[PDB]
Structures are given as C-alpha cells and as structure tokens.
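**Q** Sharing the initial chains of the complex here, in place:
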Amino acid sequence: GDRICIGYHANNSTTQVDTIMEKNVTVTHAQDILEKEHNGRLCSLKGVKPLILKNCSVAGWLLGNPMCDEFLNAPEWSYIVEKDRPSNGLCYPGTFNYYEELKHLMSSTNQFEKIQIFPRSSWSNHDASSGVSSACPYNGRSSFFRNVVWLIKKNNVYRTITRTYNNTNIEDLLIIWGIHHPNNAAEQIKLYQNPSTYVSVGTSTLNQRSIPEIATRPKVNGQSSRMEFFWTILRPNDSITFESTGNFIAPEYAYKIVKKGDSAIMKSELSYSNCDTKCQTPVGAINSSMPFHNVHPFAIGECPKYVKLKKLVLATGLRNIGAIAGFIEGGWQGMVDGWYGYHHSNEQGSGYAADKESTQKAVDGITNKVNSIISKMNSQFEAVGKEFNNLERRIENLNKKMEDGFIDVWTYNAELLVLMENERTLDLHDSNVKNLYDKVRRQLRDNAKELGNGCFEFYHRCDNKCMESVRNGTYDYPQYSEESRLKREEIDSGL
Amino acid sequence: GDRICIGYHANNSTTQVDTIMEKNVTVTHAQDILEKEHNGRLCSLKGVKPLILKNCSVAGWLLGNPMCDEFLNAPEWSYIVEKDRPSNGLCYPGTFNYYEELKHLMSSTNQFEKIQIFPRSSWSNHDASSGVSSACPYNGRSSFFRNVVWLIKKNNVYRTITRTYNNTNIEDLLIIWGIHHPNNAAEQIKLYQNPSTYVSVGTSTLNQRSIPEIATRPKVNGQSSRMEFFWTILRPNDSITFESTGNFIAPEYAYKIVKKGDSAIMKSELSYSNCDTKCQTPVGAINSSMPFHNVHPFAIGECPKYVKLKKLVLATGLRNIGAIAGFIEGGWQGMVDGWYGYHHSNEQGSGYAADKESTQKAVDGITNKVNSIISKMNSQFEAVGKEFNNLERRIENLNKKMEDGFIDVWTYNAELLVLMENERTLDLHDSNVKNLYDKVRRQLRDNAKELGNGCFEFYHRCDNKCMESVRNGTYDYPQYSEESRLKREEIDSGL
C-alpha cells in the first residue's frame, strides 16, 4: 500500500535518429535539419530577376550576335542564366581572349549601361555598312555583331585609322574589339588592300599590337576565316586609343559597370517562371528554412549549407518506451506536460505529475544547444561557379578538387556533430531520469523502501499534502521519522 | 558463507591505445587500422600493367626520340611510370608547348593507337630523308624523332606546303607538330631558302601561325638551334590543315585516344617486377586491408586513406586488470566466454559464468561502430599527381598548399575520431560493468548484503538452481523473503 515511482515521457512518436553507437533509434522528439526538396523552377532572388540569356551565350550577348536580344532597359540582375551548350555564340567563328576571366567579372557585376563610344556614321574614311556575313543572319539576311563594326575599304582605300575615346564617366567601362583573319592573301587585299596591316590598342594599363594570321581553316558556320576578339576595362579618367592599317573590328558600344556586388553565372537549361525565392540552384529554388540541404552544390543567395547526405536528423527528446511503473521498465505514455515526473499512488490519488523544475531546464538546454549547433556552421564553405578553357584543365581539376574537397569535409563535420551530440542528448535524459531518482532517494531515506524497479514504498504514510513536497525539495525526514521508525520495525518482527 | 561478485574480463593482451585523457592504456582487445608496410616494388593494378617509360620522358615517347621504345601493340595501361629526371626527352633541344596540360590529359587516358596520317613517302616536293641530327643518335648514327619529319628543301626549292587530314574516326586524335628555330640567317637559307617563312595550323577550334625566331643560343646537346612543338586534339568529324613556306616539322603519326578513365603519371625510379596489387605508391605497393596508411600520399587504385600519423589503434575491449573477487579490484583473468559475468561461490559451486545477454549486445555495438567509423571517411581527400613549369610556381604552391592542407585535416579528423571514440568505448565498459551490478542489486534486495568491493553475500541461501535466475532476471524476492527476513535479524541480535 501507498507507493511512488520515477518515470519519463513516451508518446506516439516514431521518427528515429542515429548515433555513433546505434542506428534507427526511436525517439519522442526530434527535428529534421535537411532540406531535400526543390521546386524545379528558375526564379528571382528577393525581387531581383535574373538575366536569362536564353539560347545565347555571354559572348553572343555582349557582342550582339544578331540572334541574341539586347537589354535596352539597363536592367539590374541578381544573376545570369546561360544554357550549358548555348546555340547563339560566336556566329562568325574565331576566338575570344580571356573569355573565362571576363565571365568571372560578370560574377561581381549586377548592372550594365550600354553607351555608344564610336557611332557608325563617324567612319567617314571607310565603308562601315558592308561588313556582314552569311555566318550572321538577322531575319535570314546576312548581318553581323550589332555592337562592333566590320570596317572595310572605301573606293579601294583604307586610310590608317587613329581614334581615341576618353572615359569621361565614373563607372568602369568595358570595351570589346577584334581583328579579322582572312583565308588567303587575296582576301586580305580584297577587303583592306594594304598587304601588311596591324591593330594597335593603347591605354594607361594595356598595350598590344595584333597582326593578321592568314591561314587555311575548315568552313565553320560557312566561313573559313576567323575573327578573334579582345577586351579591357577602361578606368575613369583614362583613354583608349586604337589605330590600324586594316583588319580592324571596331567598337560602337561600350558597357558601363554600374553595380558591382554578389552575383554569378548559373548554367541551367531552365527558363524563368513568375516566381521568387531566397535560394536558387540550377534545378530549382529552395525553401531556405532548414540549415542544411543536399539539392545542388552551386546554390546562390540566402541559402542553407549544402551537404552530401541522405538525411540529417537531430535528437531532442528521449527515446520512446507498454512499460509499467518505473523507469527501469521504460516510458510512461501517461505524462504529457513534462519529460520527467512521478506517479502518486496515494490512498486518495492516482498519479502522473511532471517535474517542471527539470523539464523546463532541459527544454532550455537542448533547444539552446539546437540553434547553437546550427550557428557553428555559418562560416561553412559555399562553392562558387567558375569556368576554364581546354588548356586550363589542370587548374579546372584543382578547383574541383578544392571545392569537392571542402564539401566532403563539412559533410563529415555536420554528420559527426549530429551523430555525436545526438548520443550526448540521449545520455542526458538517462542521466536526468536517474538524477531525479536521487533527488527523491536522497530526501526520503528510511521513510520508504527502494523497490528496485525505480519505485519507492512508504513505511510512513504520505498523503496529497506530503506528496507535493519532495517533488519540490521540501519533505522533512524529522517531521515523519517516528511513524516511519515504528512501522519499519513492524515488519522487522512482522509475519 | 555463500557470496557472489560482479567482474569483467582480463587476459594476456598487451596492445595499448591512447585517448584524449590518457596515453598507453593497456586493453584486452583492440584492432590496428593503419597500414605502414609496403613491398617496395612497382606492380600492376588488378591485372592491368603500367606503361613503364624507363629512362624516357613523356615527350621522348610520344615524339619518338630514337632512344625511346614505341608501343606497337597498342597496350592498355593502368598508369604511366616516368623517372624523376628522365634521360631521354627532347634529344634535339627546344620547347614543348602546354606540356603540363598534356601530361594531365594522359591521366584520364588508358590506351593509345598510333595511326599514320601523313606517310613519309608522300612528301613529294621536299627532302624528307635528310632531316636528322647528331643530337639524336640511333645506333650511334645521326637520326631524329621517329614520329615527326624534318622537312628540307629539294633541289634548293621549298614549295609552299598545304596539306590536310580529315579525322575519319570516332576517337579523339592527338596530333603533335613543331617548327625549327635556326642559329643564323644563313642556316635558314641553307635549309629552307625562303628567307621569311611561317607554319600555320587550322582546325575548327585552334588557329595559329608560328614564325621562326632566329637567335644565338648555347650548344645544347651539340645544337645551338631549337625546335619547339605544339599539340592539339582533333575531334571526330573535324580536319586539321597545315601550310608552311618553311621550318615545318611535320607529323607522320597521330595518337588515337581509345580508352579514357582512371589513370595517372607516377614518378618512381622503380622498374616493373612480376607482381600485382590493388594499391600502388611510387615506393611500393600496399596491402589494402586496413582503412588507413601512412606510406605515400600519391597512392592510386583501390587504396586505403593516407594519413600522417605514426600509429592508429582502435579500442574494442576493456582495459586489462592479480585483481581479486570484485570489479572494484580489477579484471578477472578467469572468464573466457564473455566480457562481463559473475562468480558463483556456492555451497557446491565455484564461479565464473558470463552474462551473454550483455556481452553479445556489447560485441554487437562496438564491432557495429568499428566498421561504421571506417565508413565515415570514404569521401576522404585523395591527392592527385600534377606538374607545373618554372613560370607556374604560384599555382604549384597553391596545389601543394591545398593538398597538404586537406591531408593535415583528415589526419586530424581520423586521429580525433579514434582518440575520442576510444574513450567512449572504455567508458562504455565501466558503465556496462557498473550496470550489471544494478541488475543484480535491484533484484536481490534485503536477501543479501552489498560488501562494497562489488560483491554480495546472501542472508538467504541461494543454490545452483537459484543462481541461474537473477543472471537471467527471474529471481523472486517474495519466494525467498521469509528465510532472508529471519536470517537477517539473526545477526541484528547475533554475537
């Protein structure tokens, strides 16, 4: 008659965590921290739409391939989307010096303003209107890059050009020009007459002189000739000067770098959908609530940290339980307002009252460690897009190795921190449960008997008033010693 | 009279582990996980032999240095071995553009088929048979690279060459050619007559034009002239076109990239031995049983993970013990079929019976954590060979820094995971031993006395039948209460 037990929570939970020791450990309370869902669309970053290059590449856009649309509104972009193998690029064949370096400069760039440095009508001494090619159809007629000029000899004359543009603005100016390589020596004279020509550029920082490389090459896009382009960034209060005796592909428009910041070149074959997100990946956007995802490693914006894992679940409550009176036997399904409590078993009581003095402190120590574990990975490696050419393979590998190299690490760190601190959590409950036992045992000494299954039976008589006192740490041995003494010896000489 | 003790294993083990807290901790059972033995030979990877370049370098091989042997059988290789400072390389001096990029392309390459694009007899209008040099002895006569042609003027004439090869196969074609730089202007006319010449190459992707750079240079291998080479990969359904007015070193044979995959260029001064392995390092092969080694950081194949450590030992059993009856005193040398057990001490028994209910569960939880710790490092950084030229030092450092940088990490990770989970293991036994005590104590309450040294003495009388019941969790207090009650008070008023 008249007992009491120490026991813990257990409920209809079935979500399971893992540890270093065990796997698939059913628990009462746990939080998933891994996002692994994405919407599959291409969306804007917090109101700021991407530059969707469509079937075009970066070169075609900036050179003005007649198939690539230009951006007359000077839009701001959050990023730039370019298909994997873009169909509209160098419509007239050739090369594009330091293209990769220049794609990299887009990444810290958010807005352009196209300005006209050298208008087409200002080529008085040459034939500007004839440089076009079958390689470059607009409406199926032969045309050409809309931002450069294919200068051609006038009346069979090519006056040596010398022309300059002073950069009179505050922004950095992006300037592109090129040179033409003809098939045979006859085609050179056919177009520029001067048998030996050159194309010279001069700024405060970059000085070069390009000579035409005449060779026989396979017909690419119908053309056996090649045209290679150059670029440079003209500083404020500087001035560029071209001069050539022939083969000069001239600029008409320059690009004004008006907004530098956080951007990138995403390669995705998606097109835009009326849609916004805080995190974007080439395959879809992301619900940036959970601190970890495994969707794509190139994610941009306010994103959770990418790890290579199938699952990542924390452990917050105890592991689940029927398990009768006593913690030695398992969980009590009956408790609801706490993680640890007791069972009354009074002359006039039933049981089930939680110890809020230690549940609240435990709800405070785990949940305060849960967000704190998240904050331990803020400085986690985030990968960045980059591009390299067929003669840069070594540093392409190195980049991959480095980035793959950090991902493999932080995946391991994150897994380990979950696995370890999960076992540290469960071992807390076991220690907390077994500790609540002592708070009682230490305080009810001879007045009761340790049944062993984690319960106590009183040689004294408790009552509801007494049984709200050692829960609170106020029960007095001296107040109940004499009756406990007497009933104790009653069995010492009982039956 | 009639006692019982809780105790653990201890045996003739002397292997010792370390932890964060202690070092050289003698234990009963532990597994070494570090390979640090290698056979010292150069061997094949799972049946697939390496390409052993011998005293030759990659250039000498592919150019066909008369001293380098060619590989007529089109062999497949698992890797390529090249001595550190190979003696047979550019026998005729000069340069070799993008050599490092090309060594890097070997690494994803497993088999070549040499094919003849431009036969030697098809140089009708020039003198192909005279281009040789003292720089290039075969059988001590003056010869030349066996895969290119040193074209020379015929009857003091050098018709401008224009020649093409359409790539009519599926494989990528590797093509090498070069140009000659003569000593003085007289030597140019001596060999090619045309005072100003050039060497032009055209494909869909690469277009260049090289002009001879006439200068005075020290006699290297007897030659003050230089010959520099170029290479490019000709895609299927493409076509390369050379044309030159002089100085043209021509291809005869092209290399067909027939097998791409996992390979590498190992630098080792070893030669092949009839021998096979799953893991190879430049100093010897490896017994790929243990998950970690410290042999060499450039290891290729099915290899264990390389860490920079002298030793790496897990801990699986308890730490070793004479230590008499009781776990407070130490290990029991007497137990063999378990890690935790008891000692009978019956009127008619002796002792030593293991608790298999908890040994098997412990043999299951450690060994299940042992292999699981191994699997936590599958995605561990593996270094990759790479090469750089005397003007690429910065990215050479960066590569080293990065690779050294990851090794230092994963070494630390691995050490820490051992050190930590080793202490977690030992603390398990201590917790397991002390827990077996309670399973008993909780179940034999007043029927016995806690001696303190971890043993119990019965006020009741047990017997062999009773003493196979609380081991199993079936002993009944009520069944033995009255006798225990009576003998209990016998001493309460005894002597």
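**A** Looks like it arrived, so ask away. Numbers count the residues shown, from 1 in each chain, chains lettered A, B, ... in the order given.
**Q** all helices for chain A, in order.
**A** A:58-63, A:99-107, A:185-191, A:356-375, A:393-441, A:481-492 (DSSP state H).
**Q** Return the most buried member of those.
**A** helix A:58-63 (a mean of 23; mean count of other Cβ atoms under 10 Å in any protein chain shown). (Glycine included, C-beta is placed from N, CA and C.)
**Q** now for that helix, which elements pack on it?
**A** helix A:99-107, strand A:172-181 (3 or more Cβ pairs under 8 Å, 6 or more residues apart in numbering or on different chains; DSSP states H and E).
**Q** follow-up on the earlier one: dump the helices of chain A to a markdown table, plus distance to residue B:216.
**A** Formatted as a markdown table, the helices of chain A follow (distance: least, Cβ to Cβ, whole Å):
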| stretch | distance to residue B:216 |
| --- | --- |
| helix A:58-63 | 43 |
| helix A:99-107 | 37 |
| helix A:185-191 | 32 |
| helix A:356-375 | 67 |
| helix A:393-441 | 34 |
| helix A:481-492 | 114 |
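**Q** Nearest to residue B:385, out of those helices?
**A** For the helices of chain A, the distance to residue B:385 is smallest for helix A:393-441, at 10.6 Å, taking Cβ to Cβ.
**Q** what's near enough to touch the residue lying closest to residue A:352 once chain neighbours are set aside?
**A** Using Cβ to Cβ, 6 or more residues apart in numbering or on different chains and skipping the chain neighbours, the partner closest in space to residue A:352 is residue A:334 (4.7 Å). Counting by Cβ atoms under 8 Å, 6 or more residues apart in numbering or on different chains, residue A:334 touches A:343, A:351, A:352.
**Q** contacting residues around the last one?
**A** For residue A:352, the contact set (Cβ under 8 Å, 6+ apart) comprises A:332, A:334, A:335, A:341, A:342, A:343, A:344.
**Q** Write the ChimeraX selection for whichever of those are buried.
**A** Only the buried entries of these go into this ChimeraX selection, using 16 or more other Cβ atoms under 10 Å in any protein chain shown:
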select /A:332,335,341,342,343,344
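**Q** can you slot in chain C too:
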Amino acid sequence: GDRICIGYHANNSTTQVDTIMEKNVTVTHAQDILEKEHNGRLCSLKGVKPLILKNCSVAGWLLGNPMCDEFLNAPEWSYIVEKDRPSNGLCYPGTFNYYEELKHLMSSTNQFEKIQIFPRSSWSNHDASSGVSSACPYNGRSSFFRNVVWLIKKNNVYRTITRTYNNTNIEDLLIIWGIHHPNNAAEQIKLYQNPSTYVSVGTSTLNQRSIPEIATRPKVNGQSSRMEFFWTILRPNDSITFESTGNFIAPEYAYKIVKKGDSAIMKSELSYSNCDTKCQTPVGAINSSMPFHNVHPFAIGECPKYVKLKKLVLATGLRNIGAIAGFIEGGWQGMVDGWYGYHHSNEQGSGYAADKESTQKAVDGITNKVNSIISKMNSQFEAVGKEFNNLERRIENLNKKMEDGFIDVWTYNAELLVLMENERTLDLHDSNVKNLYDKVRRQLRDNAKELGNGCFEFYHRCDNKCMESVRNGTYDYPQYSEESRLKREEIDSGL
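**A** Next up, chain C placed on what we already have:
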C-alpha cells in the same frame, strides 16, 4: 554527533568558459589560449631585419628606379615589406613580364648579391650615356633605372649587338632586361635608325625574340612610349646571349641568389622600429606564448595558429560554488590544497582535508590533456602571401577561397575541441566528486548513515586516528563492527 562530508573546491575565481550545452559557466581554474594583442610595430624576426622597401615596389628596387635606394651591403632579410600602393615603381611606364611569379621567387629567397655582368663603359659601339627621361628624375634631373642601360645609336649608327655572359658562379643568377616601344615610327628612327629591329635572348632553357610594338598611348608619367621588361634565372655553368638590332634595354647588374629559405613579402604601410619578435603580422608583432591568435591571417615566423574567434578559453578546474557541508549543496570555499577532500567534524576535530591521491592524479590528467590538445593543431593550415594580375582573377579567387576555406575549418575544429573537451572536463569533476563518495561509502558500510546531502554520520565513534584511514583506504569494518552493531540497534529501539 560526529559526522563527515564529501565536498570539492570553490574559490574567488570568476573566469567563465562555454560548452556545447551551456554558456558562461563560472569555474575555479581555466587557461586562456587566444592571443588577441599586437604591438602595432614592424619588427625583425629573431635578430634578422626585414627589407623595408619604403615608398618603393619590388620592380623599382630591382630595376633601380632613381628614387629607390639600392642595398650595397648584400643584406640578409627575414622578409620584405612593401606598401600597398607603392609610389616608386615603373617610373618609365610599361609592363613587367611574370612579375607575380618573380615576387613569388623572393618568398623563398633571403639574400642577394648584386654583380655587374656588363659594365656601362663596355658599350663601345653605341651611346649608353644618353638613355634618360623626364619620367625618371634623380635630384630633379632626367635619369633612368640604375641597373639597366638605355642603349642609343652612336653617330647615327646601331651595330647589331651580340653579347654573352657565362654564369661562372654557384648561385642562381637573376637577370632582367627589357625592350622599348616607341610612339611613332619617326621616334624609332630618331633613336635606333634601323626601321625593323628585334631583341633576342638565348639560354639553355629560355629562348625568345621580342619585336617593338609601335602604337599611340596616353602620356603616363609624361611618356606615351612604353618599356616592358623580362627576367630569367641563369643556372650555374650556363650562359645567356642577347643580340639585337635595336630597342634593347640592357642589363648592367645581375642579382645573385645566395640564401634560399623561409621568407615572404609582407604588405604593410608600417616602417621599422627598433624592435624584435618571433611572430610578425602586417599590423604588429605577436606575443607567441598562446597557441592561438585572431590578429591577422598573414603571420610569419614562429607563430601561433590563427583562428577567427572572439575568445577561446579552456576549462581545467571545477565550476565554482555559500554552499554548506555536502557536495549536493555546492563548493567548499575552505579547501585550498586540493580539488576534492572531506570535512572532519570529530569530537576534537574541525575539518577540511584534501584527497591528494585523486587531486594530484586529476591535476596530472587535465594538465597532460591541456598541452596535448595544443599539439593536435601543429599541422594547422598557415596562409601564405601571394599576388595576381588583373587577368588572373579566377585563380586569385580560388586562392582566397582555398585559404579562407581552411581557416573557417580549423577555426571550427579548434572551437569544437574546446567546447567539447570543456564539457568532458566538468563531467570529470562531477564523476570524480561522486566517485570519492563511493570510496568512502563502499568502505564505511553499516558503521554510519548516508545523510543524503553527501555526508555520513557514524553509529561507531571515529576519532582523529580512525579518520585518516578510509581517506587512505585502510578503514576496517571488522575492527569497528561490534560497537557499530550495538549503537545501531540503540536507535532501532530508541526514542
């Protein structure tokens, strides 16, 4: 009457650590491991002073800009200090090939010896004394780079130069030369007459031929022309040969690489102060006592490891406490010569005696784990200075990403090792305190009563002689059983 308690230390300590679970945990004993103070000066590394380039850059120094001071004493340096935007660099405009690669070669370099290869008087056939410019004032007169020669035509003649230097020494020789690009074709004839010229260099390893690139460029430092420079390292027993028909900027002095080793190029706008240190950062030197700092990530010398953290404190003693008799109640302010002890409470004693058997072992296990945690980070990533040009941005990023990438890791590792092993420490004391209790409890069985608050009261009578015996593990139950038996039943039938 006549009691005894188990309790621990507590003192006037207020330094607080953090863990994974808790923050700001007041403890008795802890060690700071983070340096975050620096002296703000630029100092020498262990007796070896830096090369302070002052307002000059590396180019100006080695070319001998008339404003840059030369180093006639052939000094050894521990490092090189160069302001961020150095004012004295290429005083005459132009370019400097592979400058970054060459700055990188300084980093493994500690001492130069300037030697004169080609004296100025030995330019018999040309005008060496006239090459100067307004771009290069010394004492406000027009001058020029003090280590190269601006060769100019004599009597309107420019004999084709052919000149060689055999490297007759053991050191590697560093050699710099350049070429001149004039404004207009008239300026070429004005200075060198030969309309088409070239500048050719030949060694065993490097062969090139530079042609002047005539173009119109903005007046930089008053000059619209440009002069670009080249460098190469001449091996022992080798020989370099220049020859030119014009535009040749010639070497007079070469640099002898006499000491290679650990050095670097620090960018700091500090100047030297009579001052020495073992660790230097661009903002100040460092007290290299603590194993971690957060001052600057480019630190050179015998330095502690840099982490990105505000604070990093270990935990060595227990957490601080008034807390009366008993460990259940808290710390005893009274103990001084130990971490764990007791309280006598004798008929003739007071209390407070430490258990040195377990304090010394604990002072040994923590302090032996404290230095050992430090040693777990010896192979920690240290960043290295490096430089890149406006067309190398991609690998600049990669370098940053990699280095930032490792710092973020090892910061996390170090934080985690503190946080975790701090909780492992505190949990040791709790386990140690509770273990000292059992050493007593296990040994004083029925002779006393467990009061619950962590104290014992003797049914026996102890005394000072008896109360130095279970502290030492020598107290005998049988020696004191009969009196304890008798006084035990005295209360069993007492009041």
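**Q** In light of the added chain C, please revisit the contacts of residue A:334.
**A** A:343, A:351, A:352.
**Q** and the gap between it and residue A:325?
**A** 10 Å (Cβ to Cβ, to the nearest Å).
**Q** which neighbours do those two share?
**A** In contact with both residue A:334 and residue A:325: residue A:343, using Cβ under 8 Å, 6+ apart.
**Q** before we move on, the earlier item: between the contacts of residue A:334, which is nearest chain B?
**A** residue A:343 (17.9 Å; Cβ to the nearest Cβ).
**Q** With chain C as the reference, measure out to the residue lying closest to the closest one once chain neighbours are set aside.
**A** For residue A:343, ignoring the flanking residues on the chain, the nearest one in space by Cβ to Cβ, 6+ apart is residue A:351 at 3.3 Å. Residue A:351 is 24 Å from chain C, where distance means Cβ to the nearest Cβ, to the nearest Å.
**Q** just residue A:218 next, same as before
**A** 30 Å.
**Q** With residue A:78 instead?
**A** Residue A:78 is 19 Å from chain C, by Cβ to the nearest Cβ.
**Q** Kindly report the same for residue A:385.
**A** 11 Å.
**Q** burial measure for that residue, as a count.
**A** Residues lying near residue A:385 (other Cβ atoms under 10 Å in any protein chain shown) number 16.
**Q** Residue A:313 now?
**A** 17.
**Q** which parts of the stretch 301-450 of chain A sit against chain C?
**A** Neighbours of chain C within the stretch 301-450 of chain A, by Cβ under 8 Å from any Cβ of the partner chain: A:365, A:369, A:372-373, A:376-377, A:379-381, A:384, A:386, A:388, A:395, A:398-399, A:402-403, A:406, A:409-410, A:413, A:417, A:421, A:424, A:441-443, A:445.
**Q** can we see that at 6 Å?
**A** A:365, A:369, A:379, A:381, A:386, A:399, A:402, A:406, A:442, A:445 (Cβ under 6 Å from any Cβ of the partner chain).
**Q** how many neighbours does the fifth one have?
**A** What it means is residue A:386. With other Cβ under 10 Å as criterion, residue A:386 counts 22.
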